[PDB]
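Spelled out from the first residue to the last, the chains are:
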Amino acid sequence: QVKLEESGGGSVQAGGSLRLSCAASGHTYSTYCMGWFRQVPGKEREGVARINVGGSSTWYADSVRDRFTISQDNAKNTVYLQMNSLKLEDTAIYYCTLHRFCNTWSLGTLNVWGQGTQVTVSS
(Lines give C-alpha, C1' and ligand atoms only; values in the text may rest on other atoms or scores of the structure.)
Protein backbone atom coordinates (compact mmCIF):
# COMPACT_ATOMS: atom_id res chain seq x y z
CA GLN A 1 0.00 0.00 0.00
CA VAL A 2 3.07 2.18 -0.25
CA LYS A 3 2.68 4.41 -3.29
CA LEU A 4 5.40 6.33 -5.07
CA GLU A 5 4.34 9.37 -7.13
CA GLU A 6 6.96 10.26 -9.77
CA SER A 7 7.28 13.42 -11.84
CA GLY A 8 9.71 15.60 -13.80
CA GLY A 9 10.81 13.42 -16.68
CA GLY A 10 11.05 14.30 -20.29
CA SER A 11 13.14 14.48 -23.41
CA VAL A 12 15.99 17.04 -23.41
CA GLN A 13 19.15 17.87 -25.31
CA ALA A 14 22.55 16.64 -24.13
CA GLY A 15 24.21 19.16 -21.80
CA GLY A 16 20.84 20.22 -20.43
CA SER A 17 19.19 19.64 -17.06
CA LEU A 18 16.14 17.99 -15.51
CA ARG A 19 14.75 17.63 -11.99
CA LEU A 20 12.94 14.43 -10.99
CA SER A 21 10.69 14.25 -7.97
CA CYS A 22 9.24 11.34 -6.03
CA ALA A 23 6.73 11.43 -3.17
CA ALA A 24 5.99 8.48 -0.91
CA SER A 25 2.71 7.77 0.86
CA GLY A 26 1.07 4.87 2.64
CA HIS A 27 4.23 3.85 4.47
CA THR A 28 4.46 3.38 8.27
CA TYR A 29 8.01 4.41 9.19
CA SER A 30 9.28 7.99 9.71
CA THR A 31 12.72 7.43 8.17
CA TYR A 32 13.56 5.26 5.21
CA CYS A 33 15.75 5.10 2.11
CA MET A 34 14.43 6.54 -1.17
CA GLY A 35 15.92 7.38 -4.54
CA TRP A 36 16.28 6.09 -8.07
CA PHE A 37 17.46 3.19 -10.07
CA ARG A 38 17.49 3.38 -13.90
CA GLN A 39 17.03 0.87 -16.74
CA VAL A 40 17.88 0.93 -20.41
CA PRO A 41 15.52 -1.19 -22.58
CA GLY A 42 16.43 -4.84 -22.43
CA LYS A 43 19.11 -4.38 -19.71
CA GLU A 44 19.27 -4.81 -15.93
CA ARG A 45 18.29 -2.02 -13.56
CA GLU A 46 21.07 -0.19 -11.75
CA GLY A 47 21.23 2.11 -8.73
CA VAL A 48 21.57 5.86 -9.38
CA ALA A 49 21.22 7.74 -6.09
CA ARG A 50 19.57 7.55 -2.68
CA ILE A 51 19.07 9.55 0.49
CA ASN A 52 17.48 8.73 3.83
CA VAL A 53 14.29 10.71 4.19
CA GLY A 54 14.39 12.49 7.50
CA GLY A 55 18.20 12.55 7.36
CA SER A 56 21.14 13.50 5.21
CA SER A 57 23.13 10.41 4.12
CA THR A 58 23.54 10.14 0.34
CA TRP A 59 24.92 7.64 -2.14
CA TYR A 60 25.55 8.00 -5.89
CA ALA A 61 26.66 5.66 -8.62
CA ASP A 62 30.16 6.45 -9.95
CA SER A 63 28.69 7.39 -13.33
CA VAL A 64 26.55 10.24 -11.97
CA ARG A 65 28.32 11.48 -8.82
CA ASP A 66 29.78 14.59 -10.45
CA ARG A 67 26.52 15.73 -12.05
CA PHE A 68 23.47 14.60 -10.10
CA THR A 69 22.40 15.78 -6.63
CA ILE A 70 19.72 14.11 -4.51
CA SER A 71 17.83 16.01 -1.78
CA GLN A 72 14.83 15.36 0.49
CA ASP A 73 11.89 17.33 1.88
CA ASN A 74 10.91 15.36 4.91
CA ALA A 75 7.57 17.09 5.51
CA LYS A 76 6.52 16.31 1.94
CA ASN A 77 8.02 12.75 2.06
CA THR A 78 9.60 13.75 -1.23
CA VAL A 79 13.02 13.36 -2.79
CA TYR A 80 14.44 15.30 -5.73
CA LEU A 81 17.10 14.40 -8.28
CA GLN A 82 18.79 17.43 -9.86
CA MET A 83 20.30 16.11 -13.07
CA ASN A 84 22.82 18.50 -14.58
CA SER A 85 25.16 18.10 -17.55
CA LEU A 86 23.02 15.34 -19.02
CA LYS A 87 24.82 12.83 -21.22
CA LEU A 88 23.52 10.59 -24.01
CA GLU A 89 24.44 7.68 -21.69
CA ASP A 90 21.89 8.90 -19.15
CA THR A 91 18.88 7.93 -21.31
CA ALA A 92 16.79 5.35 -19.39
CA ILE A 93 13.62 4.82 -17.46
CA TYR A 94 14.26 6.19 -13.95
CA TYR A 95 12.41 4.32 -11.17
CA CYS A 96 11.77 5.88 -7.80
CA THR A 97 12.22 3.12 -5.22
CA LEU A 98 11.99 2.82 -1.42
CA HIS A 99 13.08 0.55 1.40
CA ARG A 100 13.08 1.14 5.14
CA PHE A 101 16.80 0.22 5.29
CA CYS A 102 19.49 1.73 3.02
CA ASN A 103 21.62 -1.38 2.99
CA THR A 104 18.59 -3.30 1.72
CA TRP A 105 17.66 -0.49 -0.73
CA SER A 106 20.86 -1.05 -2.68
CA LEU A 107 19.91 -4.67 -3.40
CA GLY A 108 16.58 -3.73 -5.00
CA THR A 109 15.01 -7.14 -4.21
CA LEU A 110 12.69 -6.05 -1.41
CA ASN A 111 12.04 -2.45 -2.51
CA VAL A 112 8.80 -0.74 -3.34
CA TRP A 113 8.95 0.35 -7.01
CA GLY A 114 7.39 3.28 -8.84
CA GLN A 115 6.07 2.96 -12.41
CA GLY A 116 9.09 4.87 -13.71
CA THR A 117 9.81 8.07 -15.55
CA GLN A 118 11.30 8.16 -19.06
CA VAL A 119 14.35 10.37 -19.43
CA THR A 120 15.59 10.72 -23.01
CA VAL A 121 18.73 12.70 -23.73
CA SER A 122 18.87 13.79 -27.34
CA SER A 123 21.68 14.93 -29.59
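Rules used throughout
Residues numbered from 1 in each chain as written, not as in the entry; some residues may be left out. Heavy atoms only, no water. Helix = DSSP H or I, 4+ residues; strand = E, 2+ residues; numbered from the N terminus. Polar contact = N/O pair within 3.5 Å; in protein donor to acceptor, adjacent residues only side chain to side chain. Buried < 20%, exposed > 50% of the residue type's maximum accessible area, 1.4 Å probe, protein only. Contact = heavy atoms within 4.5 Å. Pairing = 2+ DSSP bridges. Axes fitted to C-alpha atoms, helices over the stretch in contact; angles between N-to-C directions. Core = buried A, V, L, I, M, F, W, Y, C linked by side-chain atoms within 4.5 Å.

Draft legend 1. Inspection of the environment of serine 57 at higher detail. Tracing the backbone through its elements, the reader meets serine 57 in the loop between β5 (46-53) and β6 (58-60). The spatial distance from the C-alpha of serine 57 to the C-alpha of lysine 43 is 28 Å, given a sequence separation of 14 residues. In this structure the side chain of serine 57 is engaged in a polar contact, spanning 2.9 Å, whose partner is the side chain of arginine 50.

Draft legend 2. Representation of the environment of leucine 86 within the structure. Summarising the element assignment, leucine 86 is placed in the loop between β8 (78-83) and β9 (92-99). For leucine 86, a relative accessible area of 3% gives the class buried. Distance from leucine 86 to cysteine 102, taken between C-alpha atoms, is 26 Å for residues 16 residues apart in sequence. Not counting residues within four places of it along the chain, the set of residues in contact with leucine 86 comprises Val12, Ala14, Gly15, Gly16, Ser17, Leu18, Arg67, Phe68 and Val121.

Draft legend 3. Quick peek at the sheet that holds strand β3 (residues 18-25). Read across the open sheet, the four strands follow the order β1-β3-β8-β7; overall the sheet is antiparallel. Pairing within the sheet leaves two strands with one partner each, and these edge strands are β1 (3-7) and β7 (68-73). Strand-to-strand, the axes of this sheet are offset by a mean angle of 15°, without reference to chain direction. As paired elements, β7 and β8 share six bridges and run antiparallel to each other.

Draft legend 4. Representation of unusual backbone geometry within the structure. A positive phi angle, near 45°, is found at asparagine 77, a position not held by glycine. Tracing the backbone shows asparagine 77 in the loop between β7 and β8. Of note, the phi angle at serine 85 is positive, near 55°, even though the residue is not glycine. Summarising the element assignment, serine 85 is placed in the loop between β8 and β9.

Draft legend 5. Up close: the nonpolar core. By size, the foremost hydrophobic cluster in this structure holds 27 residues, and its most contacted members are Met34, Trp36, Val48, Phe68, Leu81, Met83 and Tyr94. Of all the secondary structure elements, the ones that give two or more residues to this core are β3, β4 (32-39), β5, β7, β8, β9 and β11 (117-122). Those residues within four positions of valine 48 in sequence are excluded, and the remaining contacts are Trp36, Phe37, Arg38, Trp59, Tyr60, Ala61, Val64, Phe68, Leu81 and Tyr94.

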